[PDB]
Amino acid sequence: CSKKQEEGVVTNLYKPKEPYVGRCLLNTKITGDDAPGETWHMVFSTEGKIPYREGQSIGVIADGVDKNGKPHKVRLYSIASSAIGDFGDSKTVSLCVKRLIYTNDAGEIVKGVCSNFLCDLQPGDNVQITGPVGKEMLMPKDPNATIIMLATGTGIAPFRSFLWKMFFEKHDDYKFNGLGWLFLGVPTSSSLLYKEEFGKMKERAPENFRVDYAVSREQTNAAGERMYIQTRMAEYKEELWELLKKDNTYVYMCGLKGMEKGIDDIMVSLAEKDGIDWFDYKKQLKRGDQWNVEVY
């Protein structure tokens, strides 16, 4: 019996063999001009033909062909908007896309194929979309849940999704009355994502929502340690650990893989303080839908 949403969830209405063709409605850079790398927020039309749910992804199939003449493989992007969507009419889907550009060992500049196609979209352009995809990051059934959201970079996306539904929307069948606790880790302030929206959420539910930023290149603690997501977490170390002992606490983790390890190590020494092996406790939390990871 899932402790996560299941009623009204659909997957794979569309597959790479025959994508849905939507339209770019808007596409906006949301990071500052001095960030290490651009992140863009973009909204596509779906004529309501893709009724996704908070937590899910869609695939994009970028135009053109690879080096061997085959069409490009789907790349997945976590849905950044709530089920009803940025326009609130249930006919749009939004993404939060990091433009991948990197220099390889040979000295060449390489452009990530789907991320640059997405980030290049003009309003009016056609996008080939598939999905919805995934059950793993669905929201808890429990409306009074403690939802702890651990994000790095574009891993804010499904949580932007959760939090829109929890705090910006009225729904007859869902009134969130738990604690939403968001941690978001980026390397610079200009890398921060949706700060203003979370600001608004903190304002209207101060008792139900918390947000903590961890900006590794601009923040330290007084021990001189850089503020990665795990080092921000360390400051609420026992509070979080208490919360984890509860029936109604669900942890979700989204973003770059390798965010994972730093967090485990904080948990490891929390666990040992109790005689407990963290990994036993973890896999056991997973079995109760309480530690949900989607990193990439």
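Numbering starts at 1 and runs along the sequence shown.
Residue range whose averaged C-alpha B-factor is higher in the record, 181 to 189 or 104 to 112: Taking the mean B-factor of the alpha carbons in each, 104 to 112 is higher.
Higher-B stretch (mean Cα B-factor, as the entry records it), 136 to 144 or 199 to 207: Looking at the record's C-alpha B-factors, the answer is 199 to 207.
Identity of residue with top Cα B-factor, from 248, 31, 269, 56: Out of 248, 31, 269, 56, the record gives the largest C-alpha B-factor to 269.
Residue of maximum C-alpha B factor among 48, 64, 36, 255, per deposited coordinates: Across 48, 64, 36, 255, the entry lists the biggest C-alpha B-factor for 64.
Third of the chain's Cα B-factor distribution that residue 169 belongs to, per the entry: CA B-factor rank for residue 169: middle third.
Ranked against its chain, the third holding the CA B-factor of residue 232: Within its chain, residue 232 is a middle-third residue by C-alpha B-factor, going by the deposited values.
Residue 292 CA temperature factor, ranked by third within the chain: According to the entry, residue 292 has a C-alpha B-factor in the chain's lowest third.
Relative C-alpha B-factor of residue 60, binned into the chain's lowest, middle or highest third: Ranked within chain, residue 60 CA B lands in the lowest tercile.
Position of residue 154 among the chain's modelled residues by C-alpha B-factor, lowest, middle or highest third: As the PDB entry reports it, the C-alpha B-factor of residue 154 lands in the lowest third of its chain.
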